[PDB]
Amino acid sequence: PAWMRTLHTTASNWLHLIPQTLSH
Amino acid sequence: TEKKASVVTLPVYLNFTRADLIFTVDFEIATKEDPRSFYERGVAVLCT
Amino acid sequence: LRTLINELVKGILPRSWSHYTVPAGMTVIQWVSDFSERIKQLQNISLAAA
């Protein structure tokens, strides 16, 4: 499905943009 | 010492919706700025 | 996961994701950028504190 691939790409891009560390 | 007859209290809202007040700031007015005109024109401060 | 995928496909900000108050009618594509900026500031604050 096209929605599946486009959501995969969007979520991968979001993971790249979203920072991955925050120490208490 | 009260106000200075040239001081406006501007609200600081979180965003453009102005549904959440953060705090208030006091600003002096230059020239002949009417505190009344600032109140009527909806002059405010947004966090974003 | 089905609910979250549905929300993402329709472009609606997930309810679980919305934990801090936001202006009404805010889509997820800009929410991601806003949250990224907030996390960057939080990391700067935590690094300064530590």
# chains A, B, ... in the order shown; residues from 1 in each chain; ligands from 1
$ closest_atom_pairs --of "chain C" --to "chain A" --cutoff "8 Å" --atoms "only C-alpha atoms" --output "Markdown table"
| residue | atom | partner | partner_atom | distance |
| --- | --- | --- | --- | --- |
| C:8 | CA | A:7 | CA | 7.6 |
| C:9 | CA | A:7 | CA | 7.0 |
| C:32 | CA | A:14 | CA | 7.0 |
| C:33 | CA | A:17 | CA | 7.7 |
| C:35 | CA | A:18 | CA | 7.6 |
| C:36 | CA | A:18 | CA | 5.1 |
| C:39 | CA | A:19 | CA | 6.7 |
| C:40 | CA | A:19 | CA | 7.0 |
| C:42 | CA | A:22 | CA | 7.2 |
| C:43 | CA | A:22 | CA | 5.6 |
| C:46 | CA | A:23 | CA | 6.7 |
$ write_last_selection --atoms "C-alpha atoms" --output "PDB file, in the first residue's frame"
ATOM      1  CA  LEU C   8      -0.876   9.493  11.754  1.00  0.00           C
ATOM      2  CA  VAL C   9      -2.457   8.745   8.363  1.00  0.00           C
ATOM      3  CA  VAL C  32       6.964  17.145  15.771  1.00  0.00           C
ATOM      4  CA  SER C  33       9.089  20.230  15.073  1.00  0.00           C
ATOM      5  CA  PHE C  35       8.542  18.914  20.339  1.00  0.00           C
ATOM      6  CA  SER C  36      12.003  18.624  18.774  1.00  0.00           C
ATOM      7  CA  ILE C  39      13.646  18.562  23.610  1.00  0.00           C
ATOM      8  CA  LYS C  40      16.688  20.470  22.341  1.00  0.00           C
ATOM      9  CA  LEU C  42      15.606  20.504  27.632  1.00  0.00           C
ATOM     10  CA  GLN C  43      18.927  18.902  26.679  1.00  0.00           C
ATOM     11  CA  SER C  46      20.123  19.391  31.564  1.00  0.00           C
TER      12      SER C  46
END
$ interface_residues --of "chain C" --to "chain B" --cutoff "9 Å" --atoms "only C-alpha atoms" --output "PyMOL selection string"
chain C and resi 22-24
$ write_last_selection --atoms "N, CA, C and O atoms" --output "short mmCIF file (atom, residue, chain, number, x, y, z; two decimals), in the first residue's frame"
data_model
loop_
_atom_site.label_atom_id
_atom_site.label_comp_id
_atom_site.auth_asym_id
_atom_site.auth_seq_id
_atom_site.Cartn_x
_atom_site.Cartn_y
_atom_site.Cartn_z
N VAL C 22 -1.28 22.95 24.02
CA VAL C 22 -0.96 23.46 22.69
C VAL C 22 -2.16 24.23 22.15
O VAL C 22 -3.30 24.00 22.57
N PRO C 23 -1.92 25.16 21.22
CA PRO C 23 -3.05 25.84 20.59
C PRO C 23 -3.92 24.87 19.80
O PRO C 23 -3.43 23.90 19.22
N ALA C 24 -5.22 25.15 19.79
CA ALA C 24 -6.18 24.23 19.19
C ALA C 24 -5.98 24.14 17.68
O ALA C 24 -5.53 25.09 17.03
#
$ select_by_dssp --residues "chain A" --states "helix (DSSP H, G or I)" --output "MDAnalysis selection string"
chainID A and resid 2:17
$ atom_distance --atom1 "CA of residue 38 (chain C)" --atom2 "CA of residue 16 (chain C)"
17.2 Å
$ residues_around --residues "residue 13 (chain C)" --least-positions-apart "3" --cutoff "9 Å" --atoms "only C-alpha atoms" --output "list in words"
residues 7, 8, 16, 17, 18, 26, 27, 28, 29 and 31 of chain C
$ atom_distance --atom1 "CA of residue 12 (chain B)" --atom2 "CA of residue 28 (chain B)"
16.0 Å
$ atom_distance --atom1 "CA of residue 32 (chain B)" --atom2 "CA of residue 46 (chain B)"
24.7 Å
$ residues_around --residues "residue 5 (chain B)" --least-positions-apart "4" --cutoff "10 Å" --atoms "only C-alpha atoms" --output "list in words"
residues 28, 29, 34 and 35 of chain B
$ residues_around --residues "residue 9 (chain B)" --least-positions-apart "6" --cutoff "10 Å" --atoms "only C-alpha atoms" --output "number ranges by chain"
B: 3, 24-28, 35, 38-39, 43-44
